[PDB]
């Protein structure tokens, strides 16, 4: 299982719009081959970034997704969010799951 964490430093003033916009992105990724789960995570402290965490069957499944028309439409999101909404660029992290309490 392959996981991405997209750290998005959205200002608290725009948190609701960000969430509303990202609800749509989760919709477009649902039918995606190898998609497992998406979570949007609000930070305890508003000065820290949101995390969009996405679970995939494999890195390859993620790569296919990045090249898809669904991904491009999903990005029509913070297309609508002004540049000013963010403190900085997003920071994308990626991982392989080494232990999972589930089965």
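Positions refer to the first chain, counted from 1.
The PDB entry records a higher mean C-alpha B factor for 82 to 90 than for its counterpart among 82 to 90 and 5 to 13. Looking at mean Cα B-factors across 36 to 44 and 70 to 78, the upper value is held by 70 to 78. Ranked by C-alpha B-factor against the other modelled residues of its chain, residue 57 falls in the middle third.
Among all modelled residues in this chain, the alpha-carbon of residue 22 has a temperature factor (C-alpha) in the highest third. Residue 96: CA B factor in the lowest third of modelled residues in this chain (values from the PDB entry).
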